[PDB]
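J.: Here is the sequence, then the experimental structure:
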Amino acid sequence: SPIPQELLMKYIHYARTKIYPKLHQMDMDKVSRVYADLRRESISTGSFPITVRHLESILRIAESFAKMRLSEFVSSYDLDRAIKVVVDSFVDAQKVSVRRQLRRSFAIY
DNA sequence: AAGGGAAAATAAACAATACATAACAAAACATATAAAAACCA
C-alpha cells in the first residue's frame, strides 16, 4: 500500500533539484478574499491575530504541495490543503474558547 | 443554542462584638431585744 522508502528518498532529491513551480494571476485573488474573512474573525472572537506571514506560509505550503505533486504550477486546490494546515495549527494553538472558530472555519473546510 | 459575565459562593486573615459566668450589691423578707410609750389600776 504505501510508497517505499528508497523511491521516496530518491524522489525528494529529484524534485528538490530540478523544478521551481510558480503561480499565475488568473484566479489566485480569491485567497486574498478568504484571508480577508479569516483575519477579521480572529479579532472579534480570538485574541491572537493573523498577519501577512501566514499568507506567505500558505503560499509556501501550496507550492511545496505542488512540488510534491511535480506540476508546472500550483493548482487551485493546493491552497485548500494549505488553509487546512494553517487552521489546524493556529486554531489548535489557542484556548477551548475559540471553539466557535472550529465551526467558523467549517464553511471553507 | 452559545456564551459573556455578573451574581453567588468559598476561603482566609483580622477586627469587633456578644456571651457565660464570677463577684457582688442591694432590696425584700425575717427575727430579736432594750428602750420608749401607752395604759390600766
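T.: Noted; the coordinates are in hand. Numbering: from 1, shown residues only, chains lettered A, B, ... in the order given.

J.: When you work out contacts or count neighbours from here on, use the C-alpha atoms and nothing else.
T.: Fine.

J.: Have a look at chain A and report its longest helix.
T.: helix A:52-69 (DSSP state H).

J.: Please name every helix or strand in contact with it.
T.: helix A:5-16, helix A:78-90 (3 or more C-alpha pairs under 8 Å, 6 or more residues apart in numbering; DSSP states H and E).

J.: what's the nearest residue to residue A:38 if we skip its chain neighbours?
T.: Spatially, and ignoring its direct neighbours in sequence, residue A:38 is nearest to residue A:50 (7.8 Å; C-alpha to C-alpha, 6 or more residues apart in numbering).

J.: what about the one you found, distance to residue A:42?
T.: Residue A:50 sits 7 Å away from residue A:42, going by C-alpha to C-alpha, to the nearest Å.

J.: And residue A:75, its phi and psi?
T.: phi -80, psi -180 (degrees, to the nearest 10).

J.: Next one: it relative to DNA strand B, how far apart?
T.: 34 Å (C-alpha to the nearest atom of the strand, to the nearest Å).
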